[PDB]
Amino acid sequence: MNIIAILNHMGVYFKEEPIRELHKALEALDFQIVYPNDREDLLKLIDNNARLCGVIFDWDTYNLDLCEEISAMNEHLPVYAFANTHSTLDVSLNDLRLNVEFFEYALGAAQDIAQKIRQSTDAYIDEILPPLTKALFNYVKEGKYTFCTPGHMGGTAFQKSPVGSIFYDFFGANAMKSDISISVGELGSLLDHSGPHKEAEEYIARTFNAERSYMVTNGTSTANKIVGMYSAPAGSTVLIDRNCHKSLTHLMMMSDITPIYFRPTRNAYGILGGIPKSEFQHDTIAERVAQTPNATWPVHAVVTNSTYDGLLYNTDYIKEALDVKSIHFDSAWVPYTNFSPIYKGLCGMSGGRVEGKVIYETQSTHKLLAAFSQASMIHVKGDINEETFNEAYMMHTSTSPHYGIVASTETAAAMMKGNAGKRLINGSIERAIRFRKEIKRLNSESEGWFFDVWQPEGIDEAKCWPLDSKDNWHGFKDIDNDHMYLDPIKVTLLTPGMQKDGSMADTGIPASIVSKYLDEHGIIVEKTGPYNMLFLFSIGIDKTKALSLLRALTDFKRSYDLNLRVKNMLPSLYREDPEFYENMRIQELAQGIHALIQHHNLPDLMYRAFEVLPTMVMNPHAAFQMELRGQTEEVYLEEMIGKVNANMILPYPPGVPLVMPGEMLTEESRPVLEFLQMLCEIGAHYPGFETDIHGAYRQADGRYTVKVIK
Amino acid sequence: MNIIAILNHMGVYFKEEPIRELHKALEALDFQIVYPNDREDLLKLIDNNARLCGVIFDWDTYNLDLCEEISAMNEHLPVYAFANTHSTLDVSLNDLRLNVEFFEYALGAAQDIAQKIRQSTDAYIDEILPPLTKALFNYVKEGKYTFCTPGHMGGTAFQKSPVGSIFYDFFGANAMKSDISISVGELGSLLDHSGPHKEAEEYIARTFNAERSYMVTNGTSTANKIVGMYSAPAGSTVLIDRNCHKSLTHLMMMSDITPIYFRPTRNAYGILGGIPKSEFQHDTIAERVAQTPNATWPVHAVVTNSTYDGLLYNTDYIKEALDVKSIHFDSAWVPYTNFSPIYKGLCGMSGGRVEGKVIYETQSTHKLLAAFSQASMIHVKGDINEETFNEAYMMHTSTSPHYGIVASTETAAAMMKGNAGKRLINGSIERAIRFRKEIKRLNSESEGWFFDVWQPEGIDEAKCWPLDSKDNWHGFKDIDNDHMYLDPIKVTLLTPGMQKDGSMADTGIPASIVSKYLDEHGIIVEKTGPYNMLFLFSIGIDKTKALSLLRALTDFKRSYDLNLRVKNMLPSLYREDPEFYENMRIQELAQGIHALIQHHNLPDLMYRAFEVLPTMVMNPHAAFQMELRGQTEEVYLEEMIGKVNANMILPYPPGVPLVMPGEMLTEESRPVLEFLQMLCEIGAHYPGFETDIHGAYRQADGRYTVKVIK
Amino acid sequence: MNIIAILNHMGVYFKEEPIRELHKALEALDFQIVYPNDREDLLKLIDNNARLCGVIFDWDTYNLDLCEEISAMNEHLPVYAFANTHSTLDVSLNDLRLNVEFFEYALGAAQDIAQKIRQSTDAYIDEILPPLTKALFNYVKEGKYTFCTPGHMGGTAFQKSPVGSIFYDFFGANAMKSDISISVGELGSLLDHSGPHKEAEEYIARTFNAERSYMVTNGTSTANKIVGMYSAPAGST
Ligand SMILES: Cc1ncc(COP(=O)(O)O)c(/C=N/N[C@H](CCCCN)C(=O)O)c1O
Ligand SMILES: Cc1ncc(COP(=O)(O)O)c(/C=N/N[C@H](CCCCN)C(=O)O)c1O
Ligand SMILES: Cc1ncc(COP(=O)(O)O)c(/C=N/N[C@H](CCCCN)C(=O)O)c1O
């Protein structure tokens, strides 16, 4: 934050000489001087380099509208205008609102002006920094000696060891000096909500449209556990999205609560759909309560918004129709809502208080914003017991929080403020839309197969595209209108292999092969389905990465059409089993995997298996408790009918839980067993594509076992 | 790790010129060349700089015993010997065991030798690095493009923002690039225990003398909860150290487990003593089970070893005598055991398998070793159900672990390997002992008051000093012999105010004032008691910090004797309340606090309050569940007698839980109430010394309230 | 107050190279480094140059009695001892009374030691400065814009005039920037005996063995008139 831009190269000594003296004086204050050639050059320089901390220009040459253009991108960016002919009568109120400091041309005045510019730079840094992060930076500047934990003592222990010195050099001195504990009392305490930490929370609460905000250092898994534990005492009933993360299952296995599951939809690709509106109706909930033993009217409800693939709910309807006092939205995938108007009414915090209800949002700051991993936010709108919620929060938060993660959470809040943050979010949205349009365009010019994007046909402007019943791009059957919206940030690319009606095509390219190819060429997809790939076009994706992705996809298509050897096209896959892939070509491998999927009819089997709910003999807490007591045995896959499952069965695809602890497979739920057996059979044919079923254990004979209650 | 030391100043061109050529060629490979003046200079240089990666010396001038001296400090540090007169007949087997590579003198041979030295440096780095950290570093060197979480995409989003650019510049590019998720499949999965992660675990298990090892990214709080949840099913009885961390209390509030509390001792200073051997006897436990309602024979037992003040147990006796199938040692404060012989038999992992028992150790790697905060280890010795334990582990571990914390854990394991790690631990122990001896010496030669050190009178050699019933330095009454030992690392300094018999002196200086003075002068103590101050002499403490501490203590004594103004001595304290501290001098403030402590008789009241156990109406789980249901009201301090506490009451001092959730104060436990009232009265007299009682809430009127069940 | 004396010419790399690095890091912080040839040279240099703000020496070569000799001339002058063989057991209470800060020899540790020495230099300057003078210097460092008397506004009016510019160059910028009035409320008021002014009086009273002290800006003529007028009412002898 030490780059100062000086405009103009005028030809009068009485201006150039003071500017050269000021250049020397600023360099004496550790500033880096850059010289844009014109106004447009300066604007581009500001737009591309966030470390530009100041602009110096001649007022005689440029009017104060240049400051308006500068403030359109960064309203806090200090501007220094040198006045020669204009006086105090040449400035208006609107101009006086801009962040301009006025200086004059004079020999020998460079030291004072350089000091003024230094003070202005410090003030700008102070203004844009959030409170807790600024306090942490100041503490690191202090350089105090610690005799407390962590114990590496600001990295000294690492510097005393060779391997530790490598670690120190990799992570740097500042990452070690900022690693502190509550023994440093000037920083306050995360658990006590005191000092800068306290202000941090309020800062966050104002940035994310929340009444109360809590910082979590063990991810949205821990955030979900905290919210669920405060909301649902032992013996209560909770509505749970079936498309819930495994953390909700862990919470259920932790606390004795009775679950009643919302039933979401899906398509042929295996993309999880939204919960139909009827499932939020009071009569449906009452019927499920009556049909569920030891179940009363639910006191908490958890909905996944959005889904992994980017399907957001109209949350106003849910907040109005869900007759539950506590509504929690697992928004791990959408922390950027409230920073763009396209998400209005599509998130838990949207709007104001709900009478007689409390609304929670759990957000993975580290997922779609800029924050270190495990950084999570809990946002509360409504009435809570602050003491009791603080107890539930302390039971899951460590007494030695990582200050880097907490500061990253606060800095993520800070990065969303002002014109710079608005431009960040809007630019990411526009980049994703441009990539989607380019994928469609390339598909049009392509002669033969090419990747498609799972989206509406004619996307034009920046918005969350609604999923209507008339259209068939989304693949959902009889969908509710004004219910589900597609997030433009989450870009799903489709590989060939499925038809418009949901059936399989004669040929197809499993998306896992494309994922491996991208990995070999330095591109990491977020996740891969049977014929879909998810790419996150977050604030961290630039034009370079999008163009590289396009080039890699085109190169894959060219290589596949040429039918190259798997040895050369996928070197890592060949290294997995050189004998099996010695002479195989990419087309033969892709067609073999597609033929396995088609002959076993994976899409229909997966859909049928996930549209029938296994019967709940006991809640997950009871099954886990009897598992901890040793009352469990390992049986084979085919013998699981009539057995109470002890663990969660989470297969890939589709990547969501199919069987919950305390659930039993019957003749009605036999599709679950045959889908699992199909997955086990398919995963044993190609050495680089194994069966991935959490909760199932592969034996030496290749058979798969599950753990069930005796 | 690019510093090469050349020990050579010969006066022959046929050696000098090839060495100069080698210097230029090594500099071309980005090596920093240093020139020690002699053998002793080279040895000191190696001892003081862990970034030295190679030694080049002339074999004619120096025999191979110099390599022996080098390997005494670093057995992997490559040595390059230039042979002129010696041949293959001049090397013995013992010399051949040393890591020495032989070269020859020749013009024009510098490039090949420099390449060989580069390969040797890379081999050295590879040899000392642990596997998972090496994989992380290699992945960062790859520089791939991510379309997955975290979403800052290696820090790109940070570089696109001004405040984010400040954050990026502070933490550095490598910290942000190493932040990844399981979408990068080559690094494996911590949750799945696959790939390099798996190797890391095995590596850790071999370094810490554990059968199995698990890495926790949410601290020893989460590690304790995982161990307890696996070991204690709902409805089971657990033996719990009363000197337990709040995490064990949180686990009891989470799971319906019935606790039976061990009773540790304490001294006049409030230092928590060890649990007497009688509490571990089968008859005592059986009697407690008979008296405790809804209690069976305990299936789990948790012991805090060591204590906060550094008291380790003879763990062999506990393992032999404690008739519990599951014994868990909360060793958050002692992760360096197994790395020094003085701790033999003083930790859970010491020795081998206990027949019919499982032993757990929970270590805060980030507390006394070199690791990032929240890094913890679970060490298991004995038979466990790996699948059930893995489920319990997943229930508390986030699906997006901080890879930096995981790598810091592995690097902490690697830092203990070899002669360098042995020298690190031994140097820390010897530094702590030298500081203790210096404190004793300064006390002996001081005229008047001086800081004391809680230790035996005649500490000479490096060992854990036993606490004998004959000596009275430790202040414990009728202690068992060969039971408790003092860890030399944990240095407790005593300020005047107490007497040798346990009563308080006429005058005294509370340790909080000394703590504030040290904070003002850049020294952070671990924690402060009424008259004691704890300092951690970890591997991160050097001679510089120890001498700085001594200087600061002498400065405090001088300033206090001069009776300076509080305005000048403690500027922050005066800034808290300028009107109250306007004319106060340090002696008056210290004497006022000491007079309050004496008049209220804090030591005797605290001892009595922690000597009587409050009666357990219900276990903490029941109280917390009924608190989550709104069945809790708020009463004042004087009205808690006969009420069931809803939350744990943790007073400071002594910093350990006094009242647990579900416990009720009676006439037998009225000293608890008197002690709490005394603390509330004492904390309202000086604006910088407030009452610190977790679970008690100060109101506007100044009175303190606690909440109980209605 | 930026002259640091470094005292040794040892013949070992593991000490010489860190000292050279510290020399570079101290020059980066605007310090002037001097190299006395021996102990007596250093003592004479300290005696003859009050602008010496620090002494760096090797603890192996010189015991802490050299710090005693230095403190005999200036008890607040910071000394920096580099410890190699001596440990915490080699220092006594009397030595611990001296204003010595201890460092170690290590490559790459120069920036931290330079920052520590800078903080020590600032503390030394603060300790020797009186309160009101310190406040005036700090205010001048703030560089505020005044719309109040004196009216030259920190010397701007002098810089706007040729003869005024000669006057300004002669008297210097700090003299004109420190010439302020009570409109700057943070400096307090001499007439009201408030703020740093009040502290100044107390400071003066302690230094001159007086119960009360008053500052006069019009000489002992005015001081005598004040004392006499308070002491001698009209009509007295
Ligand atoms: C809806 C929802 N709610 C909560 C959480 C827990 O949040 P976390 O602890 O991870 O911060 C997640 C986490 N999903 N990601 C993990 C894998 C890590 C990311 C790999 N690129 C998974 O797929 O299991 C979630 O999807
Ligand atoms: C016996 C025992 N067992 C487990 C834990 C949890 O380990 P953690 O989650 O913190 O890694 C702790 C934690 N003690 N330290 C914390 C914070 C200290 C910060 C200043 N140095 C506290 O005082 O409450 C413990 O003392
Ligand atoms: C006993 C006594 N009491 C008070 C004062 C007034 O003090 P002042 O206003 O000057 O600060 C003076 C002043 N004497 N100085 C002048 C000579 C000027 C300096 C020549 N080098 C004189 O002799 O006339 C004094 O001698």
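To find a chain, count down the sequence lines: A is the first, B the second, and so on, and within it residues start at 1. Numbering of ligands and ligand atoms starts at 1, following listing order. Values below: every heavy atom of this structure, side chains too, minus hydrogens, waters and symmetry copies.
Under the salt bridge (charged side-chain N to carboxylate O under 4.0 Å, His left out) criterion, no residue pair touches residues 362-375 of chain A, with sequence neighbours excluded.
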Could you please spell out the steps behind the ring pair (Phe, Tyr, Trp, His ring centres under 6.0 Å) verdict for B:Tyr308 and B:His245? CA-CA 10 Å; B:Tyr308 206 159; B:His245 189 244; 9.1 Å; no

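With sequence neighbours left out, A:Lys246 forms a salt bridge (charged side-chain N to carboxylate O under 4.0 Å, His left out) with no residue at all. Taking B:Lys177 as the reference, nothing meets the salt bridge (charged side-chain N to carboxylate O under 4.0 Å, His left out) condition, with sequence neighbours excluded.
Near ligand 2, residues A:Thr149, A:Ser181, A:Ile182, A:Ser183, A:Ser398, A:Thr399, A:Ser400, B:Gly219, B:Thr220, B:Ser221, B:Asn224, B:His245, B:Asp330, B:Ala332, B:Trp333, B:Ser364, B:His366, B:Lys367, B:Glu526 each place a heavy atom inside the 4.0 Å sphere around the ligand atoms.
Classification of the B:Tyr652-B:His694 ring pair by plane angle, with boundaries at 30° and 60°, yields tilted. Taking the six-membered ring where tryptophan is involved, the planes of A:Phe147 and B:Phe535 are perpendicular, since the angle between them exceeds 60° and thus also 30°.
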